[PDB]
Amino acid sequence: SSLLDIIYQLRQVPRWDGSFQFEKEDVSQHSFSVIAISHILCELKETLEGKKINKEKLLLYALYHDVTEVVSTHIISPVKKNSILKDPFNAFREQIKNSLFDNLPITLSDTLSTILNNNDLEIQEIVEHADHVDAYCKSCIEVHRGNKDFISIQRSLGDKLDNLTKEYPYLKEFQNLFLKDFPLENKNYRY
């Protein structure tokens, strides 16, 4: 099985191609943040919307949400979302899903296929929101480091996030709790 190799190979998939970064970021670091953000968003949404989400399925979906980029590499969203490429890339991503986990035991094989081909729309939505939050957070950190090239990126991501908070109360609560002073200029918790 290539599953363990793929887990470590995601470190060789860089994000933010074409942009200067003070800190390069790979898919494993991004996926770690998305898992943690997805969990936080889930807890807020559960409390606000009066429900319970299957957190095993949510966390496993967040964990693997970008695993196909070990084949596709990470295509940045301005390119992937171009109308010329949007649908072919989604067909490409589906082709990768179909071939990934070849020589696995049926416990892993079906559990991993279940994770990849998830049709829980709500888990997919939470992780999509977490993905946008993480991109905004990265843009915040780069601007904080002094990276003027990320100011316009931060602006467009923050504008889209603002619009999302008008329609998704759990995102507005997340923004209130965490995103109005980010990153922390003084990291008092270290002492």
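Numbers follow the displayed sequence, beginning with 1.
Peer 1: Given the B-factors recorded for C-alpha atoms, which segment has the greater mean, 77 to 85 or 96 to 104?
Peer 2: Result of the comparison: 96 to 104.
Peer 1: If you average the CA temperature factors as listed in the entry, which stretch comes out higher, 31 to 39 or 156 to 164?
Peer 2: Comparing 156 to 164 with 31 to 39, the higher average CA B-factor belongs to 156 to 164.
Peer 1: Compare the C-alpha B factor of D17 with those of the other modelled residues in its chain, then answer lowest, middle or highest third.
Peer 2: It belongs to the lowest third of the chain when residues are ordered by C-alpha B-factor.
Peer 1: What third of its chain's C-alpha B-factors does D181 belong to: lowest, middle or highest?
Peer 2: According to the entry, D181 has a C-alpha B-factor in the chain's highest third.
Peer 1: Would you mind checking where the Cα B-factor of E56 ranks among the modelled residues of its chain, as the lowest, middle or highest third?
Peer 2: Answer is middle: the recorded C-alpha B-factor places it there.
Peer 1: Can you tell me whether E46 has a C-alpha B-factor in the lowest, middle or highest third compared with the other modelled residues of the same chain?
Peer 2: For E46, whose C-alpha B-factor we compare with every modelled residue in the chain, the answer is the middle third.
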